[PDB]
């Protein structure tokens, strides 16, 4: 437990839960690529249920997200180290609304870890809770907090030639947040 430290966007402005953000690299070239919503390979989901990032920044911009803090504090803005749900902030059909909400998938034996998916819930005991922390390198990392040494880093594994976000032990994905519009 610490003093509220707001998360900032790429402009230095505090993140607001009332706004949407792309989760971007802040490297450019083949190192860049924003996070986006995509189809998981040979998935039985009726809607896109994969959390990926593009393979470079010469390509489209990512899928905007919003951050939804728990019933605790919340605190006006979005603060480091506070539990939240993550949701892609897009229009879908009624049946796909759940498949905007981030969750952690089951263990995937092809990749030796749990992949990030959508199809989750918000604000509930079965929801996937994440938190944003300052990277030891640059920008921020997203951590998954089931139920620093405790929550599990979100990183990338390579899946069929794509960057798929997943739980990692080392080399977390370093990100920045860029407000939509």
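Residue numbers count along the first chain shown, from 1.
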{"property": "Count class of coordinate-free deposited residues lying between the neighbours residue 125 and residue 126", "result": "none"}
{"property": "Average Cα temperature factor in the PDB entry - higher stretch of 72-80, 97-105", "result": "72-80"}
{"property": "Stretch with the greater mean C-alpha B-factor as recorded in the entry, comparing 166-174 against 21-29", "result": "21-29"}
{"property": "Maximum C-alpha temperature factor, selected from 136, 118, 121, 113", "result": "136"}
{"property": "Of the residues 132, 51, 147, 65, the one carrying the largest Cα B-factor as recorded", "result": "147"}
{"property": "Residue 141 by Cα B-factor - lowest, middle or highest third of the modelled chain", "result": "lowest"}
{"property": "Residue 41 by Cα B-factor - lowest, middle or highest third of the modelled chain", "result": "highest"}
{"property": "Residue 58 - Cα temperature factor, lowest/middle/highest third of chain", "result": "highest"}
